Amino acid sequence: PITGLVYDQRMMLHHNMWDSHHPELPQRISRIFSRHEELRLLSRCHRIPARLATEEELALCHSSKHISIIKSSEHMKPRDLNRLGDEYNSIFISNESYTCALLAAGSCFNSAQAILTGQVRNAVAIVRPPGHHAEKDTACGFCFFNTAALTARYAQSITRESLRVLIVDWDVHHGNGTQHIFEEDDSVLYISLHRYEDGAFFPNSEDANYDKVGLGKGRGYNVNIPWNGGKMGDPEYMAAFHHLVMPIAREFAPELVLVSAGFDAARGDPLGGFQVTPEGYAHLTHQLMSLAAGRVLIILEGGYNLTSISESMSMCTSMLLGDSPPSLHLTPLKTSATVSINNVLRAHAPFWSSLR
Ligand SMILES: [K+]
Ligand SMILES: [K+]
Ligand SMILES: [Zn+2]
């Protein structure tokens with residue numbers, strides 16, 4: 001009955017040399033780590049070491065070409081770092097980026113290993129750069145390699161290929177990369193909640209809509225919960241978990257839960273424009289703990305308000321550690337959120353008896 005925590009300050013080295021105020025800041029992870037220490041959560045966790053992912057582990061989800069191109073950035077001069085970064089949608093690269101991306105992934109592999117060998121029950125990974133926009137063949141949206149997707153494959157690689165992995169992506173952005181990597185796969189259930197605005201919200205693709213339910217044997221194993229019509233918060237997230245995320249997850253019966261835990265749906269986030277509270281994140285976490293005999297790994301994705309992300313992720317770790325959830329879903333839903341939830345219910349009732 002132990003919670004693992006992984007954090008390595010070396011992941012701060014990845015930086016934007018042209019815009020030191022770019023929101024994907026080095027201090028995102030050091031601020032979260034500090035708050036864990038302040039709240040005396042850190043001393044209650046078992047510290048899991050970071051490590052580098054290997055290139056063979058990266059190839060679980062990524063092309064050899066993509067891996068080698070990002071690796072080639074290690075010795076580039078600034079002009080070529082700028083040129084390479086510009087080939088992608090919303091990427092900056094420094095000489096340390098590749099190393100940091102390897103540490104973020106390797107850290108999560110060690111955490112998944114710790115859970116699956118029984119060394120810990122659950123774990124939190126305070127890592128950057130993030131992962132869920134990264135595609136098999138390309139970088140995107142501050143992400144180089146798809147850490148959560150890789151971790152799902154890594155977990156299968158030390159157990160069995162068909163190990164049932166649930167990935168819950170509550171970053172305010174759609175994890176386009178994660179959806180695509182698993183779109184034809186019934187062994188990995190992908191559930192994302194995300195601001196959509198009929199395609200106006202990053203990453204601006206209809207792939208994020210509720211009617212994208214998976215392909216082939218993966219049909220039904222991709223669940224998009226898209227928000228339209230501005231600010232959402234605890235009531236809408238709690239309702240989506242109540243009507244969709246938890247009934248589907250229970251029916252799937254995952255053997256491991258990975259959370260693509262961005263905290264940019266948080267109150268105060270400059271990119272997300274939503275108002276999920278730290279208490280709200282605590283309740284989301286506590287619900288997921290009822291799955292997979294408690295085998296939950298929380299992986300940092302986005303989240304850009306340093307105070308908001310520090311408080312929110314610390315609350316998640318407090319839940320993992322077995323603390324009582326804080327008092328909380330204070331309001332009727334925005335009408336467009338009701339419409340969203342009902343659209344997803346209609347889209348997935350053919351696949352999940354729990355929705356009928
Ligand atoms: K998401
Ligand atoms: K899937
Ligand atoms: Zn995000």
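Atoms within each ligand, like the ligands themselves, are counted from 1 in listed order. Note that the numbering runs from 1 along the sequence shown for the chain. The figures that follow rest on heavy atoms only: side chains count, while hydrogens, waters and symmetry mates do not.
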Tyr190 near the K ion (ligand 2): N/O/S under 3.4 Å: no
Please check if the distance between the ring centroids of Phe142 and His22 is under 6.0 Å. yes
Is the distance between the ring centroids of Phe109 and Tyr154 less than 6.0 Å? yes
Of all the N, O or S atoms in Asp264, which has the shortest distance to the Zn ion (ligand 3)? OD2
Below 6.0 angstrom between ring centroids: does that apply to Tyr221 and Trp352? yes
Taking the N/O/S atoms of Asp171 one by one, which is nearest to the Zn ion (ligand 3)? OD1
Which of the N/O/S atoms in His173 sits closest to the K ion (ligand 1)? O
Paired with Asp207, the side-chain hydrogen bond (donor to acceptor under 3.5 Å, both in side chains) test is passed by just one of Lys212, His180, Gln179, namely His180
The K ion (ligand 2) contact by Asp185, N, O or S atom under 3.4 Å: yes
3.4 Å cut-off met by an N, O or S atom of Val188 to the K ion (ligand 2): yes
Can you confirm if the aromatic rings of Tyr196 and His174 lie within a centre distance of less than 6.0 Å? no
From the K ion (ligand 1) out to just under 3.4 Å, does an N/O/S atom of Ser260 turn up? no
Ring centroid separation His194 to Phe201 under 6.0 Å: no
At a threshold of 3.4 Å, where the distance has to be below it, does the K ion (ligand 1) have an N, O or S atom of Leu193 nearby? yes
Could you pull out the atom name of the N/O/S atom in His173 that is nearest the Zn ion (ligand 3)? ND1
Is the K ion (ligand 2) less than 3.4 Å from at least one N/O/S atom of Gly214? no
Can you confirm whether the side chains of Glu135 and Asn176 place a donor and an acceptor under 3.5 Å from each other? yes
Taking the six-membered ring where the residue is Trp, are the ring centres of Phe144 and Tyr98 under 6.0 Å apart? no
Nearest to the K ion (ligand 1) - the N/O/S atom of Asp171, by atom name: O
Would one find an N, O or S atom of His194, in either backbone or side chain, under 3.4 Å from the K ion (ligand 1)? no
